[PDB]
Amino acid sequence: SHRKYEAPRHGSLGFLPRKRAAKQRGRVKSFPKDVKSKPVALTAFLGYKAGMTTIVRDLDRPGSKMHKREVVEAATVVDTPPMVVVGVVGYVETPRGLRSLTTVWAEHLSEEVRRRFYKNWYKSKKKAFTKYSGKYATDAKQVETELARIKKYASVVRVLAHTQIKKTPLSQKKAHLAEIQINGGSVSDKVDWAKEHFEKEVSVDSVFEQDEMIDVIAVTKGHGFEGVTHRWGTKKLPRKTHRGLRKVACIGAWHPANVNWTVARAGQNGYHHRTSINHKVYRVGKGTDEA
Amino acid sequence: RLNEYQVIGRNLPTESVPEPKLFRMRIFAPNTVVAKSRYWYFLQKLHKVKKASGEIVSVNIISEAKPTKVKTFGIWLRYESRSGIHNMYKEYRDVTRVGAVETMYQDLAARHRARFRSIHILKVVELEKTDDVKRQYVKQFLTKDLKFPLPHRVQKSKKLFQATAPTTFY
Amino acid sequence: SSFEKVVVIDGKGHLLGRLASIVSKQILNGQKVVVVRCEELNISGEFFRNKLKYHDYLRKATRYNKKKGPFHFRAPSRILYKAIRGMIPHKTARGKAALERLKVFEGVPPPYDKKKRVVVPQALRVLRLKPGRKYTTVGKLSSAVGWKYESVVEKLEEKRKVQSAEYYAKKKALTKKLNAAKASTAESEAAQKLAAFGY
Amino acid sequence: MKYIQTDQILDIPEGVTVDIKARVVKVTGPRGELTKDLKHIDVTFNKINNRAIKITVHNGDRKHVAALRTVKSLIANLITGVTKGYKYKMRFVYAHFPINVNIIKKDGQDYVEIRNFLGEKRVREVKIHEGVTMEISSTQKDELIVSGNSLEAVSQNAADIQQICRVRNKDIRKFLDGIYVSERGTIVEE
Amino acid sequence: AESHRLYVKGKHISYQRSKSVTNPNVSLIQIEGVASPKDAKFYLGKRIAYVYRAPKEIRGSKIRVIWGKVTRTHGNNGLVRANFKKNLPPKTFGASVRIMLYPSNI
Amino acid sequence: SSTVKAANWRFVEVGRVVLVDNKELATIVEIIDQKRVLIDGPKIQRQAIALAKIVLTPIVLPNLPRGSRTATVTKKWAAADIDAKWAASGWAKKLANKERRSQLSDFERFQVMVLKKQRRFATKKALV
RNA sequence: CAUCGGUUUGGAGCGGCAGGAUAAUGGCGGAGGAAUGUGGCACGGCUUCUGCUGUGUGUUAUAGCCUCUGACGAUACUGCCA
RNA sequence: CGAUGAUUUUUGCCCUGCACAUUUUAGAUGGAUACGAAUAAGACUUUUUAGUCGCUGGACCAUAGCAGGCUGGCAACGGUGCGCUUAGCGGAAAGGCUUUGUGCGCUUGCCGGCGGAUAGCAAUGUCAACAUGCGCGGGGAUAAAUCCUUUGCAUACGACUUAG
Ligand SMILES: [Mg+2]
Ligand SMILES: [Mg+2]
Ligand SMILES: [Mg+2]
Ligand SMILES: [Mg+2]
Ligand SMILES: [Mg+2]
Ligand SMILES: [Mg+2]
Ligand SMILES: [Mg+2]
Ligand SMILES: [Mg+2]
Ligand SMILES: [Mg+2]
Ligand SMILES: [Mg+2]
Ligand SMILES: [Mg+2]
Ligand SMILES: [Mg+2]
Ligand SMILES: [Mg+2]
Ligand SMILES: [Mg+2]
Ligand SMILES: [Mg+2]
Ligand SMILES: [Mg+2]
Ligand SMILES: [Mg+2]
Ligand SMILES: [Mg+2]
Ligand SMILES: [Mg+2]
Ligand SMILES: [Mg+2]
Ligand SMILES: [Mg+2]
Ligand SMILES: [Mg+2]
Ligand SMILES: [Mg+2]
Ligand SMILES: [Mg+2]
Ligand SMILES: [Mg+2]
Ligand SMILES: [Mg+2]
Ligand SMILES: [Mg+2]
Ligand SMILES: [Mg+2]
Ligand SMILES: [Mg+2]
Ligand SMILES: [Mg+2]
Ligand SMILES: [Mg+2]
């Protein structure tokens, strides 16, 4: 027999499995599509979630009852010191997907980003990138040859940039290193832009303007193991239910003699990778600004 | 693969009738065992005679008179369908009377699902005059200076693989 | 009828199931087969019917866990692989070895871009189907069912055809020079004897 | 029945040079050239003379025979497209709301812009096909002239304009508003 | 001579079998270049060698041979039936055998 | 002009020479169907055959009336000298070379290899 | 390996004999006939008549075919060969 | 499945030449011999309406020498193998395709002298590429992770984010 009454399903089947994220750093799964006619520019930036605040703003929405009237809105602060460009990666269009051909690095790396490649920095000889730093041998023609290969064969160019986490109040000293796709211009223009920006700082005001709409990639808050009642928002069973009530009463019909993948089950809640879109930029503040 | 047979039979003589009339039929059969069987099948459709009360007098193959002269044959048929019994008339081009009949059995099997058991051959006639031809699908081959190519030739290969591109010219 | 070390088949113009059965029997009998240009394969019947066929295949999935069900591969090479694997005792060790004897590709990647590709007349679409019938190209059905790399393949195939055309232009010139050289050595003692021998 | 052979005769006027090779017809006339690929049909061509062409189907069944006179008609339409042109006249039909039609150019493309159709605030835009000429008739009120060498493009653009002006959620026997093809002729009058 | 072969190339295809039952005492062999029983009838009675390698040396050799002979043709495409002094092991399906030109009758 | 590319097919007509079984010549004397013809020749039996079993050659025996008997076919074949016309084509020459190759012995094959070595030496000298 | 004997599967196997409408055809000779009418002839459209071609006429002509037949000679097919 | 960093002073590692011995091989035993496109059309010289072709690869290249020995000559100044070397192209999985000069061979393109037996009338009568190990010889470099303590951006325990 059918359910006595119909009701929508609890939870979304498009965010499965509700498992922990593979990394704590949210990764850009997909970048904006490249337009050659645009100037060469970055498409992303890394920051740290500081906290929330409140603002008051005059609304410009004709036809609304709050038009030209003050509204009180929640806002989030993202601490964003300028990121340092340290590398460049070339990607090739293949019948099996994009494939990285070569990665070219900068000559000098700061200690906070060189700690990224170590689990025990204090016990190490800190040998990372020393022979590669030696690759800059005079003509540094190995580097120019690889960059020319990227220019010749790559169709997608992404830069390698890291945060300056020593400028944040965090006690962690490891920087966060990420790939940021370069959009705009020809492949040669992108490669020239990446090389000329090696070991240089790029600020947020060079990637995002105010009043822009941007997306946020992040790993959500972890809550550990959770029962179905709070993990999935299922109906609590009656107060007088034997063996407890924070359950789903029926987890399947008799046939198929298995539990379906669509049934809500207890498990780990939070710490998921999410891509959230259309967050408006109310302010791009500057650390040097005293106001 | 058929042959045309002349089968002659009669009722068994009685003291009342000591020379019964001799009746002949032209039978298209694969062999002489089926030729004498079909004879009795049709005589019992017409005459008060049986195989037990009759006698086969002669069985002879009837060969084509001019087996290398191209002819047009008209065949009159009476066949049984799934629903009723029907008369039909069809025309065939062939060099032997037997080879036109072989085509007829293939033809009613293919377009009407009429089995050998469901067909009576009423008459096979060679059409002497070009005006005697009633059917279009064989009249179109009686035009003067008939030419036509054979486009899209498919060649059967003895080998599985060929190292050059296939062609269909001809 | 010869045993080859590797047989590389150009899949253009081949009917999927006839080629699949022939290749299955080939790899079962110990012959190594590589099939290239699976995007140019053909299936008899119009495109819409085959799209409906793929949706019937897609309909089928394990109810209690979709990850256990049939894995509907969308690539032309993997469609051909499903056709062949349905024709192989693939759950035995012998069938697994036979499947190890086979390779299938879209386009013509290295090293096969500089080797000889053959055809299979018993499985060619232009020789089997009635000249009025409608057929499907597996590349369009694959794009229509989720395959993402059609335009990459056509860009790389035009690049390959440009290199192969330079190849052919060079071979014709050296073939032209050798024919002029073979004419000089005609009516010579070796040439006269070879004419009496049939050469 | 598998007819042994079927024929159709193209007629080439005096100033026209048809040119056929591998089922790609290129017809040249005073008004220009038009080409069409027929690789989806099995037909063969014989040049009878400079003014006539034989079009043959060998051993074709009923449907494959049906595809022969259509080839004849398409090539004849090509010939009259390069020797006389094509002209479709459309009349603007409205009961209450006048239809405001403009020939605009947006994004480097020509468009037919229909406004106020049945009072809608919506602005209808129809892309003008390549090789197709639009004109607002001066001699006639509420008339559009669609002209060009290719009959297929002209009639299909005209059909686009007619179809975009369909009436929804009403009795179309009563609400007869729309843009309809009123005259189908040629650039060169006969 | 760059070539030294004195045998005809063959392949071990199958045992004699129905849908479900196999007969190991007879192997079905495909002779290379043979496409008809008329072509295959040349090879009737010729002895056959399956040459393989083993871990242990026997008389200093790691190469072993199983000998057989052609008994009859099989089917219509020039395969033959063979009878070996020991049945060919099932792992050898698809392995190449050597079809000797003797006993010669040329 | 018009410049229409016409097909260069071989036609089914009275007088077409055909090959049968890669061995024997014959000519079509009358058409039976789309599939069957009546063929005759000096070295073949006058018979009704299917067109799938024969191959049309590019040669037509000129002025052969439809339905001509064996004597007429032989007479016109001799007059038109069809055997010589056939024997001059590359098709028959390739067939003859195939038969001749098939009749070689091992010693003749060794001589073929040696002569090929000599001619290849001369050809390479010519190419340089 | 040879040879034998028993059983058995074959060859592009080879030959002789018998039967039939004592095959039917075909080929040769003769007689007759017609048309999907060869040559020729009469009107035409494109050709310096460059298989030019279309329509008429009529009966071997600068092709042939059909029917009947006279005297030979084969083959297919089916059996037998101790 | 890809790019990239560092890769153990440990008698431990990498790269490389030879040499040897072993285990493995879904099964070497002359050569996987490269346009594209159409098929009611193609392909060659050409260049396109002309000649010729297909009607299968029963083709093409290679193929002689104690599994191919020891020596000599001639004709040509070519062919081929290997080793250095010059330059270029190839990123779809390029790992290959070309190329300059040089040195060392071979050449069956042609002609000579010498050798093979006894493995006994067959017995695969043992000749290949992948892998690993080991001796010499040569170029090169000289790390990390985990436990622990700690953290709480994490957490039932594992695991995870930090720091030492
Ligand atoms: Mg219920
Ligand atoms: Mg319900
Ligand atoms: Mg639902
Ligand atoms: Mg996640
Ligand atoms: Mg993406
Ligand atoms: Mg939830
Ligand atoms: Mg209660
Ligand atoms: Mg209770
Ligand atoms: Mg019929
Ligand atoms: Mg080819
Ligand atoms: Mg499918
Ligand atoms: Mg198996
Ligand atoms: Mg998906
Ligand atoms: Mg309605
Ligand atoms: Mg209403
Ligand atoms: Mg048995
Ligand atoms: Mg004859
Ligand atoms: Mg005894
Ligand atoms: Mg015996
Ligand atoms: Mg016997
Ligand atoms: Mg006799
Ligand atoms: Mg007679
Ligand atoms: Mg007379
Ligand atoms: Mg006349
Ligand atoms: Mg007999
Ligand atoms: Mg082996
Ligand atoms: Mg070569
Ligand atoms: Mg070749
Ligand atoms: Mg020497
Ligand atoms: Mg070895
Ligand atoms: Mg401590």
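Residues numbered from 1 in each chain as written, not as in the entry; some residues may be left out. Chains lettered and ligands numbered in written order. Part of a larger assembly, values for the part shown. Heavy atoms only, no water.

- The deposited coordinates, according to the entry record, derive from X-ray crystallography at 3.50 Å resolution.

1. Structural notes on the nonpolar core
Residue and element names in this part refer to chain A.
Then comes step 1: Grouped together as the largest cluster of nonpolar side chains are 43 residues, with contacts concentrated most on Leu42 and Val104.
Then comes step 2: Those elements giving two or more residues to this core turn out to be β4 (83-94), β5 (97-105), α3 (141-153), β6 (156-162), β7 (177-183) and α4 (187-196).
Then comes step 3: Residue contributions to this core peak at 7 residues, all from β4.
Then comes step 4: Aside from chain neighbours lying at most four places away, what touches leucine 42 is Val159, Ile180, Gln181, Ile182, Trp193, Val202 and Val207. (Core = buried A, V, L, I, M, F, W, Y, C linked by side-chain atoms within 4.5 Å. Buried < 20%, exposed > 50% of the residue type's maximum accessible area, 1.4 Å probe, protein only. Helix = DSSP H or I, 4+ residues; strand = E, 2+ residues; numbered from the N terminus. Contact = heavy atoms within 4.5 Å.)

2. Re the side chain of A:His273
All names here are of chain A.
Then comes step 1: Among the secondary structure elements, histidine 273 is positioned in strand β12 (residues 273-280).
Then comes step 2: Under the relative-accessibility criterion, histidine 273 is labelled buried at 18%.
Then comes step 3: Separated by 3.1 Å, the side chain of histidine 273 and the backbone nitrogen of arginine 27 make a polar contact.
Then comes step 4: Apart from the residues lying within four places of it in its own chain, the contact partners of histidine 273 are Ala21, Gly26, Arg27, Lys29, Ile217, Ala218 and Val219. (Polar contact = N/O pair within 3.5 Å; in protein donor to acceptor, adjacent residues only side chain to side chain.)

3. Description of the interface of chain B and chain F
Then comes step 1: Listed as interface residues are 15 residues of chain B and, on the opposing side, 20 residues of chain F.
Then comes step 2: When chain B packs against chain F, the two sides together hide about 1,900 Å² of surface, and 59% of this comes from carbon and sulfur.
Then comes step 3: The largest share of the area that chain B buries against chain F comes from B:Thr68, B:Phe148 and B:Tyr170, three residues that together contribute 35% of it.
Then comes step 4: Seen at the junction of chain B and chain F, the total is 2 salt bridges.
Then comes step 5: A salt bridge links F:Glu13 to B:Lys147; its shortest N-O distance comes to 3.9 Å.
Then comes step 6: The interface formed by chain B and chain F contains 8 residue pairs in polar contact. (Buried area = accessible area lost by both parts, 1.4 Å probe. Salt bridge = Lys/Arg side-chain N within 4 Å of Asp/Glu carboxyl O.)

4. Regarding the sheet that holds strand β3 (residues 24-31) of chain F
Residues and elements named next belong to chain F.
Then comes step 1: In spatial order, the strands read β5-β4-β3-β2-β6; together these 5 strands make up an open sheet with antiparallel pairing. With one partner strand each, in any of the chains shown, β5 (44-50) and β6 (54-60) form the two edges of the open sheet. Averaged over all pairs of adjacent strands, the angle between their axes in this sheet comes to 35°, without regard to strand direction.
Then comes step 2: Inspection of the sheet shows strand β2 (residues 16-20) paired to β6 by 4 bridges, in the antiparallel sense. Among the inter-strand pairings, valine 20 is bridged to a residue of β6, identified as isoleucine 54.
Then comes step 3: Docked against the sheet, helix α3 (residues 90-102) engages β2 and β6, running at close to 130° with respect to β6. (Pairing = 2+ DSSP bridges. Axes fitted to C-alpha atoms, helices over the stretch in contact; angles between N-to-C directions.)

5. Details of the protein's contact with RNA strand H
Then comes step 1: Near RNA strand H there are 151 residues, and of these C:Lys159, D:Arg23, D:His58, E:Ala1 and F:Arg120 occur at the shortest range.
Then comes step 2: One of the side-chain N or O atoms of E:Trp67 is found 3.0 Å from a phosphate oxygen in RNA strand H.
Then comes step 3: With 12 residues, the single largest contributor to the surface near RNA strand H is helix α7 (residues 150-184) of chain C.
Then comes step 4: Class assignment for the residues of the surface near RNA strand H results in 51 nonpolar, 39 polar and 61 charged. (Near = heavy atom within 4 Å. Nonpolar A, V, L, I, M, F, W, Y, C, P; charged D, E, K, R; others polar.)

6. Topic: a nonpolar patch on the surface
All names here are of chain F.
Then comes step 1: There is a patch of nonpolar side chains on the surface, built from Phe107, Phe110, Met113 and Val114 and spanning about 400 Å² of accessible area.
Then comes step 2: By secondary structure assignment, the location of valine 114 is in helix α4 (residues 106-127).
Then comes step 3: By relative accessible area, which is 31% here, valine 114 ends up partly exposed. (Patch = residues over 30% accessible without salt bridge, like charges linked within 9 Å, V, L, I, M, F, W, Y side chains within 5 Å. Areas by Shrake-Rupley, 256 points an atom, 1.4 Å probe, with all protein chains shown as cover.)

7. Some details on the pattern of salt bridges
Residue and element names in this part refer to chain A.
Then comes step 1: The tally for this structure, following the rule as stated, stands at 35 salt bridges over all chains.
Then comes step 2: Across the salt bridge formed by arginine 149 and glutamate 146, the nearest N and O atoms sit 2.8 Å from each other. Of this pair, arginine 149 and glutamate 146 both sit in helix α3, 3 residues apart, which is roughly one turn of the helix.
Then comes step 3: Under the relative-accessibility criterion, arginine 149 is labelled partly exposed at 30%.
Then comes step 4: By relative accessible area, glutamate 146 is classed as partly exposed at 24%.

8. Side note on the interface of chain B and chain C
Then comes step 1: Contacts between the two partners involve 12 residues from chain B, matched on the other side by 17 residues from chain C.
Then comes step 2: Summed over both sides, the interface of chain B with chain C buries roughly 1,300 Å², with 66% coming from carbon and sulfur.
Then comes step 3: Looking at the side of chain B facing chain C, the largest losses of area belong to B:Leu160, B:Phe161 and B:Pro166, adding up to 44% of the total buried there.
Then comes step 4: The tally of links between chain B and chain C comes to 0 salt bridges.
Then comes step 5: At the boundary of chain B and chain C, one finds 3 residue pairs in polar contact.
Then comes step 6: Considered class by class, the residues forming the side of chain B that touches chain C number 5 nonpolar, 5 polar and 2 charged.

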